[PDB]
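Structure, as structure tokens:
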Amino acid sequence: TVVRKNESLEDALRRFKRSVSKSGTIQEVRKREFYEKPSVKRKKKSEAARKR
Amino acid sequence: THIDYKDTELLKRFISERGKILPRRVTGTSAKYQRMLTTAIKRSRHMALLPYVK
Amino acid sequence: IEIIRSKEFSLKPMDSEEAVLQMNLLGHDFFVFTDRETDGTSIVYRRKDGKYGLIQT
Amino acid sequence: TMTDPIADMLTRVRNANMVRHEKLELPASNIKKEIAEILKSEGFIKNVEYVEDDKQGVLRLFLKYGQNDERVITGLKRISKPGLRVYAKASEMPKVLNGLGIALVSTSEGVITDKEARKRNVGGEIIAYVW
Amino acid sequence: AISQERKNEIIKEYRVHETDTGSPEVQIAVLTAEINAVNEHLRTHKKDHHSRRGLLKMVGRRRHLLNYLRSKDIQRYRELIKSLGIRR
Amino acid sequence: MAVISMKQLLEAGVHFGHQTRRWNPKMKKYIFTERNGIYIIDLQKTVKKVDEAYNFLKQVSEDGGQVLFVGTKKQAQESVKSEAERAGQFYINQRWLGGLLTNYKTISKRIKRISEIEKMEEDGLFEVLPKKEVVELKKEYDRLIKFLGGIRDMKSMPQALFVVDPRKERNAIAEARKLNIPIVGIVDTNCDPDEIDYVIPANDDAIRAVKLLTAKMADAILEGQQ
Amino acid sequence: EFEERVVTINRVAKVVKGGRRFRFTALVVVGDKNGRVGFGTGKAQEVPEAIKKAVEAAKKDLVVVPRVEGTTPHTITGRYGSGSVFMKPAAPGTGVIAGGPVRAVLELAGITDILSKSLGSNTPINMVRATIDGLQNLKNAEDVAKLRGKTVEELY
RNA sequence: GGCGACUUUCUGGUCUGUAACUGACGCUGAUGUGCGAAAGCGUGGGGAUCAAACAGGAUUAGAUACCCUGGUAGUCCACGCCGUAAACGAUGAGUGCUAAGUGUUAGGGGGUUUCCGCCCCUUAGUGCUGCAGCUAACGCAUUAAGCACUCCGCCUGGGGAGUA
């Protein structure tokens, strides 16, 4: 939702590519592509935390 | 101390650049501060002092 | 970006002669220690001269 | 709600013996004091000490060790126990470890060693084996 | 549970002498307040099962003190049944 | 006189130990206090140990025995070679070869080689060889005196062993206790004193803590000779 | 001088892609009929050389067996894992009664009169080591009084 | 078992500290009596997504599988049931005792002082390493599977069978 002006379009993309990667959009909808079981995400979050 | 849910300015440095919550991993607060914070950030979402998303 | 690789070391008390010995046993140009008699943090280093220099922090 | 006092005494002594400790303390009694008094007379511990506190005064034991870092008490077993009390007549009052170790026995004279119960010709509840 | 001004009130009648809270009949009376308070809560909330073993435990700690109180003086036990209504 | 005096013993810096969080609980007897994450070795008690370390090592050489000196920690490698030559004993600079006290019926097979391979090229049988076979006969020659350089003139088992660290040289100490060879060594924090019979509590990651402590134990056998 | 005695030879093969293996191992008991006994194993292929491999391996570990004469000093049970032997003293005219592997470790020290029974497991490696570990933990009457501080007549 | 928006009411338990008070009032617990994931069943509700059964299209060597479109019971609520799970830490409960190192959660007492941040000691949780000891071996190791004592449940070859 960030406005980028006074430049080209190939530099507003460089802002926007990291203003989406630092957001819960792409990692959120890839998670909800399919219903996971209510006790396998507690281990999926555990693997995504024990590795840090 | 105790976070009051009206004190917006100290409470909105903890909100994200879209309206999410910063974890205490990236902010650096303690444990009991973070969950005394989160019951005040979510009463302030309910009375429109802070958004849910921007 | 530039990535600076950190090498962690734990500060320990010793003679300056000991710091020279240990620094040579690694070939490191810098060795930082706490001085045995002065109690202060000291950095033995190899100068561009090739001679040793001693910094107290 | 520990249920056997002088077995809890007797495994404090075994666990201190295993880690080469030389000093431990007990919540004491009369029978705890006078079992610990009878090990120094037979010569397993060095010296037992005083009973001092307001409620259930403690006492310290001072285990004794060999000169080649060996231990004196090698094995220590409670035989009578709640649920199954064992009693012995003076005729079949048994020798521990072919007469080497002892068997402190509560008889009607106060507790006495293995040796001191046959020539006294009294039996009673046989408390433990010390070897 | 019950408030402290409700709790400090009920330890005045069954007190044996001043500053003797923790006496058996002064901590059975405060249980019978707590028994009657929670099963009135539990009467209108019939599905609250986690609060029920809080009730059923302090029923057990009241019974173990009534059985204790008979073993050393029976005439004090008869007075407490008449003072606050219990069966048995 | 008899012991190291108190001034030059702590001037070498043997009162330093290793770090707290890096501690062995069996070394509680030989530690004075903790000062800012480091341990302080009991200086009065290690004097009561280094004299006992001086007493037997006096009379080991009185029998004419051979005391083995080993040192492999990188800041104490060549502080034990120069003290073994002054003592006339046998040193180890490089790593433990893995059996030089236990499988030494195959190590003395190669101490026989180092008594032979240098004889092999001082005389003839050297011009007829190919120039690259000259290399591997010499590439064998230095690698013998790398590891077995201090065991050059040693042809029998030792009767005592002197280690600078039981941690890094744990392969040697395990061979010592199977042969019933008596053992003396410099220990500190992160060292087990149980396998060492004759304990010297001193610092281990300093040169003067080695060199002003390994020299007198090297000196301890010389006046046991005469 | 030592007295050799075998317990059993074993015929062991490890499976290879080509031809399988021909390792014949054997454990022996070595003693002197005076209070000093050791055991050991030896792996080779030449069978009389496989014996003498185990004999010299027994030579590095000899345990001193204390003894009141013609018997053992007191009553013990040895333990090593699952093997467990029993050891009661006997009269000096009973004869040593023991099983297969535990007789060889009892004859090679001079006892010749004790009660015994190998409880627990059965494999000859374990019960010969659960007997040495039993005979490791025997105590004379004279050396206990050194530790305990009394004399030999004060213990009785 | 399980419990994840927020607020209020009603209510249960644990932990820490102080020592005022009661003075063994304790522990375990057969029979008994109550809770007990999901899927089920009953009487009604409600029905958004999802989805057994079912229908159709592709794949394949072949299908009733996998994949795709659609879809009913169910999933959800209220009241009664059912009482079973790899209900698992495959480890009953209680109380003692026995190297240490290290994260973290809820306190307490200190020591500086921090301009609210550390350091040391102690209590109760919760993890990861690791001696002694134990184990058949993996491994366990102050949250024992170590050393003890009490009580309860239970096993004693594999199928037949958790079946008549």
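Just remember, in the structure tokens the first chain shown is A, the second B, etc., residues are 1-based per chain, and ligands are 1-based in the order shown.
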Worksheet entry | Spatial neighbours of segment 9-16 of chain C, max dist 7 Å, only C-alpha atoms (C1' of nucleotides), sep filter under 4 positions, as a PyMOL selection string | (chain C and resi 20+33-36) or (chain F and resi 13)
Worksheet entry | All residues 7 Å or closer to residue 27 of chain D, only C-alpha atoms (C1' of nucleotides), same chain fewer than 6 positions away omitted, as a PyMOL selection string | chain D and resi 56-58
Create the file for the chosen residues now, containing N, CA, C and O atoms and written as a PDB file, in the first residue's frame.
ATOM      1  N   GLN D  56      12.766 -32.133  66.053  1.00  0.00           N
ATOM      2  CA  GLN D  56      13.403 -33.320  65.462  1.00  0.00           C
ATOM      3  C   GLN D  56      14.859 -33.052  65.062  1.00  0.00           C
ATOM      4  O   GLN D  56      15.201 -32.942  63.883  1.00  0.00           O
ATOM      5  N   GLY D  57      15.685 -32.847  66.087  1.00  0.00           N
ATOM      6  CA  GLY D  57      17.049 -32.379  65.903  1.00  0.00           C
ATOM      7  C   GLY D  57      17.933 -33.266  65.054  1.00  0.00           C
ATOM      8  O   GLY D  57      17.976 -34.478  65.256  1.00  0.00           O
ATOM      9  N   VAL D  58      18.645 -32.668  64.100  1.00  0.00           N
ATOM     10  CA  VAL D  58      19.394 -33.416  63.098  1.00  0.00           C
ATOM     11  C   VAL D  58      20.647 -34.019  63.712  1.00  0.00           C
ATOM     12  O   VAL D  58      21.055 -33.635  64.810  1.00  0.00           O
TER      13      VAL D  58
END
Using only C-alpha atoms (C1' of nucleotides), what table do you get, as a Markdown table, when you list each residue of chain H with an atom no more than 12 Å from chain B, its nearest pair of atoms, and their distance in Å rounded to one decimal, rows by chain then rising number?
| residue | atom | partner | partner_atom | distance |
| --- | --- | --- | --- | --- |
| H:5 | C1' | B:42 | CA | 8.3 |
| H:6 | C1' | B:43 | CA | 6.7 |
| H:7 | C1' | B:43 | CA | 8.9 |
| H:104 | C1' | B:31 | CA | 10.2 |
| H:105 | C1' | B:31 | CA | 8.4 |
| H:106 | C1' | B:32 | CA | 9.7 |
| H:116 | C1' | B:1 | CA | 9.8 |
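The gap separating atom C1' of residue 37 of chain H from atom CA of residue 45 of chain A is 21.5 Å, in Å to one decimal.
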Discussion item. With only C-alpha atoms (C1' of nucleotides) considered, list every residue of chain H at most 12 Å from chain A, as a PyMOL selection string.
Written reply: chain H and resi 37+49-50+127-128
Item to complete: At a cut-off of 6 Å, list the chain D residues touching chain G, using only C-alpha atoms, as an MDAnalysis selection string.
Response: chainID D and resid 43:44 66 97:98
Let me see the file: selected residues, C-alpha atoms, as a short mmCIF file (atom, residue, chain, number, x, y, z; two decimals), in the first residue's frame.
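File produced: again_29.cif:
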data_model
loop_
_atom_site.label_atom_id
_atom_site.label_comp_id
_atom_site.auth_asym_id
_atom_site.auth_seq_id
_atom_site.Cartn_x
_atom_site.Cartn_y
_atom_site.Cartn_z
CA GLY D 43 33.47 -49.20 63.09
CA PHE D 44 31.69 -48.36 59.84
CA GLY D 66 39.81 -46.84 53.10
CA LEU D 97 28.09 -62.55 55.18
CA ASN D 98 29.56 -65.61 56.97
#
Item to complete: For each of E:11, E:68, E:58, E:46, take the minimum atom-to-atom distance to chain H, counting only C-alpha atoms (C1' of nucleotides), then give the residue where this is smallest.
Response: E:68
Fill in: Who sits within 9 Å of residue 28 of chain D, only C-alpha atoms (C1' of nucleotides), same chain under 4 positions skipped, as number ranges by chain
D: 5-6, 9, 32-33, 51, 56-59
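The spacing separating atom CA of residue 98 of chain F from atom CA of residue 193 of chain F amounts to 22.2 Å.
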Could you pull the residues within 12 Å of residue 56 of chain G, counting only C-alpha atoms (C1' of nucleotides), minus those fewer than 4 positions along the same chain, as a CSV table (one decimal) with N, CA and C atoms, in the first residue's frame?
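Listed below is the output, part18.csv:
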chain,number,residue,atom,x,y,z
G,2,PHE,N,51.1,-71.1,34.1
G,2,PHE,CA,49.7,-71.0,33.9
G,2,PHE,C,49.2,-72.4,33.4
G,3,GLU,N,47.9,-72.6,33.7
G,3,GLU,CA,47.2,-73.8,33.3
G,3,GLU,C,46.1,-73.4,32.3
G,4,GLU,N,46.3,-73.7,31.0
G,4,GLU,CA,45.3,-73.5,30.0
G,4,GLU,C,44.1,-74.4,30.1
G,27,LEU,N,37.0,-68.7,23.8
G,27,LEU,CA,37.3,-68.2,25.1
G,27,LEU,C,38.0,-69.3,25.9
G,28,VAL,N,39.0,-68.9,26.7
G,28,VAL,CA,39.7,-69.8,27.6
G,28,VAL,C,39.7,-69.2,29.0
G,29,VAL,N,40.0,-70.1,30.0
G,29,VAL,CA,40.2,-69.7,31.4
G,29,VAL,C,41.6,-70.0,31.8
G,30,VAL,N,42.3,-69.1,32.4
G,30,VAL,CA,43.7,-69.3,32.8
G,30,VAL,C,43.8,-69.0,34.3
G,38,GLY,N,42.3,-65.7,35.4
G,38,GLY,CA,41.8,-64.7,34.4
G,38,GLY,C,41.2,-65.4,33.2
G,39,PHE,N,40.4,-64.7,32.5
G,39,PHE,CA,39.8,-65.2,31.3
G,39,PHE,C,40.1,-64.3,30.1
G,40,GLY,N,39.7,-64.7,28.9
G,40,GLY,CA,39.9,-63.9,27.7
G,40,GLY,C,39.4,-64.6,26.5
G,41,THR,N,39.2,-63.9,25.5
G,41,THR,CA,38.7,-64.4,24.2
G,41,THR,C,39.8,-64.1,23.1
G,42,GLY,N,39.7,-64.9,22.1
G,42,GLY,CA,40.7,-64.8,21.0
G,42,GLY,C,40.1,-65.1,19.6
G,43,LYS,N,40.3,-64.2,18.7
G,43,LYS,CA,39.7,-64.4,17.3
G,43,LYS,C,40.8,-64.6,16.3
G,49,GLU,N,46.3,-71.7,17.0
G,49,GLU,CA,46.7,-70.3,17.2
G,49,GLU,C,45.6,-69.4,17.7
G,50,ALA,N,44.3,-69.8,17.4
G,50,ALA,CA,43.2,-69.1,18.0
G,50,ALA,C,43.1,-69.4,19.5
G,51,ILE,N,43.6,-70.5,20.0
G,51,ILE,CA,43.6,-70.8,21.4
G,51,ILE,C,44.6,-69.9,22.1
G,52,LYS,N,45.9,-69.9,21.6
G,52,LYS,CA,47.0,-69.1,22.2
G,52,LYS,C,46.8,-67.6,22.1
G,60,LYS,N,46.7,-60.5,30.6
G,60,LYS,CA,46.7,-59.1,31.0
G,60,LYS,C,45.7,-58.8,32.1
G,61,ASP,N,44.8,-59.7,32.5
G,61,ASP,CA,43.8,-59.5,33.5
G,61,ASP,C,43.7,-60.7,34.4
G,62,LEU,N,44.5,-60.7,35.5
G,62,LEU,CA,44.4,-61.7,36.5
G,62,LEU,C,43.9,-61.1,37.8
Give one line per residue of chain H that approaches chain D to at most 7 Å, naming the two atoms of the closest pair and their distance in Å to one decimal, counting only C-alpha atoms (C1' of nucleotides); sort by chain then ascending residue number and deliver it as JSON lines.
{"residue": "H:26", "atom": "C1'", "partner": "D:1", "partner_atom": "CA", "distance": 6.1}
{"residue": "H:27", "atom": "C1'", "partner": "D:1", "partner_atom": "CA", "distance": 6.1}
{"residue": "H:95", "atom": "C1'", "partner": "D:2", "partner_atom": "CA", "distance": 4.4}
{"residue": "H:96", "atom": "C1'", "partner": "D:8", "partner_atom": "CA", "distance": 6.4}
{"residue": "H:97", "atom": "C1'", "partner": "D:12", "partner_atom": "CA", "distance": 5.4}
{"residue": "H:98", "atom": "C1'", "partner": "D:15", "partner_atom": "CA", "distance": 5.6}
{"residue": "H:132", "atom": "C1'", "partner": "D:19", "partner_atom": "CA", "distance": 6.8}
{"residue": "H:147", "atom": "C1'", "partner": "D:15", "partner_atom": "CA", "distance": 6.2}
{"residue": "H:148", "atom": "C1'", "partner": "D:11", "partner_atom": "CA", "distance": 5.8}
{"residue": "H:149", "atom": "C1'", "partner": "D:4", "partner_atom": "CA", "distance": 5.5}
{"residue": "H:150", "atom": "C1'", "partner": "D:3", "partner_atom": "CA", "distance": 6.1}
Writing out the chosen residues with N, CA, C and O atoms (P, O5', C5', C4', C3', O3' and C1' of nucleotides) as a PDB file, in the first residue's frame:
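As written to disk, again.pdb reads:
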ATOM      1  P     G H  26      -6.287 -35.985  56.232  1.00  0.00           P
ATOM      2  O5'   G H  26      -4.750 -36.381  56.158  1.00  0.00           O
ATOM      3  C5'   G H  26      -3.780 -35.444  55.725  1.00  0.00           C
ATOM      4  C4'   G H  26      -2.462 -36.118  55.463  1.00  0.00           C
ATOM      5  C3'   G H  26      -2.436 -37.059  54.274  1.00  0.00           C
ATOM      6  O3'   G H  26      -2.271 -36.392  53.039  1.00  0.00           O
ATOM      7  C1'   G H  26      -1.487 -38.140  56.129  1.00  0.00           C
ATOM      8  P     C H  27      -3.154 -36.823  51.772  1.00  0.00           P
ATOM      9  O5'   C H  27      -2.378 -38.075  51.177  1.00  0.00           O
ATOM     10  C5'   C H  27      -1.022 -37.963  50.781  1.00  0.00           C
ATOM     11  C4'   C H  27      -0.403 -39.320  50.584  1.00  0.00           C
ATOM     12  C3'   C H  27      -1.120 -40.238  49.613  1.00  0.00           C
ATOM     13  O3'   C H  27      -0.856 -39.955  48.254  1.00  0.00           O
ATOM     14  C1'   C H  27      -0.602 -41.431  51.576  1.00  0.00           C
ATOM     15  P     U H  95       4.580 -35.971  46.708  1.00  0.00           P
ATOM     16  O5'   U H  95       5.685 -36.276  47.801  1.00  0.00           O
ATOM     17  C5'   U H  95       5.327 -36.351  49.167  1.00  0.00           C
ATOM     18  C4'   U H  95       6.343 -37.130  49.955  1.00  0.00           C
ATOM     19  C3'   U H  95       7.784 -36.711  49.765  1.00  0.00           C
ATOM     20  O3'   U H  95       8.107 -35.558  50.513  1.00  0.00           O
ATOM     21  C1'   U H  95       7.614 -39.073  49.723  1.00  0.00           C
ATOM     22  P     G H  96       9.242 -34.554  50.000  1.00  0.00           P
ATOM     23  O5'   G H  96      10.540 -35.034  50.776  1.00  0.00           O
ATOM     24  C5'   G H  96      11.652 -35.540  50.062  1.00  0.00           C
ATOM     25  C4'   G H  96      12.372 -36.600  50.846  1.00  0.00           C
ATOM     26  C3'   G H  96      13.838 -36.761  50.510  1.00  0.00           C
ATOM     27  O3'   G H  96      14.655 -35.800  51.144  1.00  0.00           O
ATOM     28  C1'   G H  96      12.823 -38.870  50.479  1.00  0.00           C
ATOM     29  P     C H  97      15.529 -34.795  50.252  1.00  0.00           P
ATOM     30  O5'   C H  97      16.839 -35.634  49.931  1.00  0.00           O
ATOM     31  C5'   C H  97      17.516 -36.312  50.974  1.00  0.00           C
ATOM     32  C4'   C H  97      18.187 -37.564  50.483  1.00  0.00           C
ATOM     33  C3'   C H  97      19.271 -37.352  49.448  1.00  0.00           C
ATOM     34  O3'   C H  97      20.499 -36.991  50.047  1.00  0.00           O
ATOM     35  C1'   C H  97      17.844 -39.125  48.773  1.00  0.00           C
ATOM     36  P     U H  98      21.564 -36.103  49.247  1.00  0.00           P
ATOM     37  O5'   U H  98      22.200 -37.135  48.224  1.00  0.00           O
ATOM     38  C5'   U H  98      23.388 -36.829  47.521  1.00  0.00           C
ATOM     39  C4'   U H  98      23.548 -37.734  46.329  1.00  0.00           C
ATOM     40  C3'   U H  98      23.713 -37.034  44.994  1.00  0.00           C
ATOM     41  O3'   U H  98      25.030 -36.571  44.768  1.00  0.00           O
ATOM     42  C1'   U H  98      22.102 -38.736  44.783  1.00  0.00           C
ATOM     43  P     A H 132      30.156 -42.773  34.386  1.00  0.00           P
ATOM     44  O5'   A H 132      29.699 -43.017  35.891  1.00  0.00           O
ATOM     45  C5'   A H 132      30.596 -42.798  36.966  1.00  0.00           C
ATOM     46  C4'   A H 132      29.875 -42.684  38.284  1.00  0.00           C
ATOM     47  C3'   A H 132      29.012 -43.865  38.683  1.00  0.00           C
ATOM     48  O3'   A H 132      29.755 -44.953  39.193  1.00  0.00           O
ATOM     49  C1'   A H 132      27.827 -41.870  39.070  1.00  0.00           C
ATOM     50  P     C H 147      18.775 -48.979  41.059  1.00  0.00           P
ATOM     51  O5'   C H 147      18.982 -48.420  42.532  1.00  0.00           O
ATOM     52  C5'   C H 147      20.268 -48.389  43.130  1.00  0.00           C
ATOM     53  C4'   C H 147      20.249 -47.595  44.409  1.00  0.00           C
ATOM     54  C3'   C H 147      19.223 -48.029  45.441  1.00  0.00           C
ATOM     55  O3'   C H 147      19.627 -49.150  46.204  1.00  0.00           O
ATOM     56  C1'   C H 147      19.139 -45.684  45.187  1.00  0.00           C
ATOM     57  P     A H 148      18.554 -50.280  46.580  1.00  0.00           P
ATOM     58  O5'   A H 148      17.246 -49.448  46.934  1.00  0.00           O
ATOM     59  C5'   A H 148      16.221 -49.997  47.742  1.00  0.00           C
ATOM     60  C4'   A H 148      15.762 -49.004  48.776  1.00  0.00           C
ATOM     61  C3'   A H 148      14.310 -49.124  49.200  1.00  0.00           C
ATOM     62  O3'   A H 148      14.108 -50.133  50.168  1.00  0.00           O
ATOM     63  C1'   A H 148      14.820 -46.862  48.748  1.00  0.00           C
ATOM     64  P     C H 149      13.077 -51.323  49.870  1.00  0.00           P
ATOM     65  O5'   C H 149      11.766 -50.880  50.650  1.00  0.00           O
ATOM     66  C5'   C H 149      11.838 -50.463  52.001  1.00  0.00           C
ATOM     67  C4'   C H 149      10.747 -49.481  52.328  1.00  0.00           C
ATOM     68  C3'   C H 149       9.370 -49.811  51.787  1.00  0.00           C
ATOM     69  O3'   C H 149       8.679 -50.834  52.469  1.00  0.00           O
ATOM     70  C1'   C H 149       9.832 -47.543  51.379  1.00  0.00           C
ATOM     71  P     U H 150       7.693 -51.773  51.624  1.00  0.00           P
ATOM     72  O5'   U H 150       6.326 -50.961  51.600  1.00  0.00           O
ATOM     73  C5'   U H 150       5.731 -50.515  52.804  1.00  0.00           C
ATOM     74  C4'   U H 150       4.626 -49.526  52.546  1.00  0.00           C
ATOM     75  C3'   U H 150       3.526 -49.975  51.604  1.00  0.00           C
ATOM     76  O3'   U H 150       2.591 -50.842  52.214  1.00  0.00           O
ATOM     77  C1'   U H 150       4.183 -47.775  51.064  1.00  0.00           C
TER      78        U H 150
END
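For chain H, the residues within 9 Å of chain F are residues 99, 100, 101 and 102 of chain H, with only C-alpha atoms (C1' of nucleotides) used to measure distance.
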Discussion item. Would you pick out the contacts of residue 22 of chain B at 12 Å or less, using only C-alpha atoms (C1' of nucleotides), so that residues sharing its chain but fewer than 5 positions from it are not included, and give the list as an MDAnalysis selection string?
Written reply: (chainID A and resid 22:24) or (chainID B and resid 11:17 27:29 34 37:38 41)
Writing out the chosen residues with N, CA and C atoms as an mmCIF file, in the first residue's frame:
data_model
loop_
_atom_site.group_PDB
_atom_site.id
_atom_site.type_symbol
_atom_site.label_atom_id
_atom_site.label_comp_id
_atom_site.auth_asym_id
_atom_site.auth_seq_id
_atom_site.Cartn_x
_atom_site.Cartn_y
_atom_site.Cartn_z
ATOM 1 N N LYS A 22 8.222 -8.813 3.227
ATOM 2 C CA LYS A 22 8.061 -8.473 4.640
ATOM 3 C C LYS A 22 6.584 -8.201 4.938
ATOM 4 N N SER A 23 5.768 -9.215 4.659
ATOM 5 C CA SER A 23 4.333 -9.166 4.904
ATOM 6 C C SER A 23 3.794 -10.586 4.895
ATOM 7 N N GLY A 24 2.682 -10.776 5.597
ATOM 8 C CA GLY A 24 2.030 -12.068 5.625
ATOM 9 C C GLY A 24 1.008 -12.235 4.521
ATOM 10 N N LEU B 11 1.564 2.627 22.001
ATOM 11 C CA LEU B 11 0.946 1.375 21.604
ATOM 12 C C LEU B 11 1.020 1.143 20.102
ATOM 13 N N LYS B 12 1.226 2.199 19.314
ATOM 14 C CA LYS B 12 1.279 2.089 17.862
ATOM 15 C C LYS B 12 2.699 2.035 17.319
ATOM 16 N N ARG B 13 3.711 2.144 18.175
ATOM 17 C CA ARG B 13 5.060 1.777 17.762
ATOM 18 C C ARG B 13 5.250 0.269 17.743
ATOM 19 N N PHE B 14 4.327 -0.465 18.360
ATOM 20 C CA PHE B 14 4.322 -1.915 18.423
ATOM 21 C C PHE B 14 3.469 -2.546 17.335
ATOM 22 N N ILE B 15 2.557 -1.777 16.738
ATOM 23 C CA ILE B 15 1.798 -2.262 15.599
ATOM 24 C C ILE B 15 2.705 -2.279 14.369
ATOM 25 N N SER B 16 2.317 -3.063 13.371
ATOM 26 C CA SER B 16 3.143 -3.189 12.184
ATOM 27 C C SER B 16 2.894 -2.032 11.223
ATOM 28 N N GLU B 17 3.604 -2.067 10.096
ATOM 29 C CA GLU B 17 3.419 -1.116 9.009
ATOM 30 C C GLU B 17 2.183 -1.411 8.170
ATOM 31 N N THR B 27 10.900 -6.929 18.359
ATOM 32 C CA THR B 27 10.804 -5.732 19.185
ATOM 33 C C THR B 27 11.816 -5.776 20.319
ATOM 34 N N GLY B 28 11.801 -6.850 21.101
ATOM 35 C CA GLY B 28 12.733 -7.026 22.190
ATOM 36 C C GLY B 28 12.148 -6.886 23.576
ATOM 37 N N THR B 29 10.826 -6.850 23.710
ATOM 38 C CA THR B 29 10.215 -6.749 25.022
ATOM 39 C C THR B 29 10.263 -8.093 25.745
ATOM 40 N N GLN B 34 4.683 -8.463 26.719
ATOM 41 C CA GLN B 34 4.118 -8.712 25.395
ATOM 42 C C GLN B 34 2.663 -9.164 25.464
ATOM 43 N N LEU B 37 0.620 -6.378 26.679
ATOM 44 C CA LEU B 37 0.455 -5.523 25.511
ATOM 45 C C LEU B 37 -0.667 -6.022 24.618
ATOM 46 N N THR B 38 -0.725 -7.336 24.380
ATOM 47 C CA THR B 38 -1.606 -7.839 23.337
ATOM 48 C C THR B 38 -3.066 -7.859 23.759
ATOM 49 N N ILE B 41 -3.669 -4.040 22.825
ATOM 50 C CA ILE B 41 -3.672 -3.722 21.404
ATOM 51 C C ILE B 41 -4.963 -4.191 20.748
#
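Residue list for chain C within 7 Å of chain F: residues 14, 18, 21, 22 and 25 of chain C, counting only C-alpha atoms.
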Can you write out the residues you just picked, keeping N, CA, C and O atoms, as a short mmCIF file (atom, residue, chain, number, x, y, z; two decimals), in the first residue's frame?
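File written: again16.cif
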data_model
loop_
_atom_site.label_atom_id
_atom_site.label_comp_id
_atom_site.auth_asym_id
_atom_site.auth_seq_id
_atom_site.Cartn_x
_atom_site.Cartn_y
_atom_site.Cartn_z
N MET C 14 46.08 -12.84 30.87
CA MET C 14 47.35 -13.43 30.59
C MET C 14 48.42 -12.38 30.51
O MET C 14 48.16 -11.18 30.54
N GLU C 18 52.48 -14.29 26.71
CA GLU C 18 51.49 -15.33 26.48
C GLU C 18 50.58 -15.02 25.29
O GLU C 18 50.32 -15.85 24.42
N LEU C 21 52.53 -15.53 22.18
CA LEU C 21 52.61 -16.96 21.94
C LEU C 21 51.36 -17.53 21.30
O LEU C 21 51.40 -18.11 20.21
N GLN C 22 50.19 -17.27 21.91
CA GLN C 22 48.89 -17.70 21.43
C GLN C 22 48.50 -17.10 20.08
O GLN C 22 47.98 -17.79 19.21
N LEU C 25 50.51 -18.95 17.43
CA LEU C 25 49.99 -20.30 17.29
C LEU C 25 48.72 -20.40 16.44
O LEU C 25 48.20 -21.49 16.20
#
Worksheet item: DSSP on the backbone: what in segment 162-200 of chain F comes out strand (DSSP E), as a ChimeraX atom specification?
Response: /F:162-163,183-187,198-200
Give me the residues of chain H that have any atom at most 7 Å from an atom of chain E; for each, the nearest atom pair and the distance in Å, rounded to one decimal. Use only C-alpha atoms (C1' of nucleotides), sort by chain and number, and format it as CSV.
residue,atom,partner,partner_atom,distance
H:10,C1',E:41,CA,6.4
H:11,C1',E:51,CA,6.5
H:12,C1',E:51,CA,4.3
H:21,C1',E:20,CA,4.9
H:22,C1',E:23,CA,4.3
H:25,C1',E:68,CA,5.8
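Each of F:179, F:174, F:157, F:117 was compared to chain G using only C-alpha atoms, and F:179 turns out to be the nearest.
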Discussion item. With 12 Å as the limit and counting only C-alpha atoms, what residues in chain A lie close to chain B? Please list them as a list in words.
Written reply: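 Result: residues 1, 2, 19, 20, 22, 23, 24, 25, 49 and 52 of chain A.
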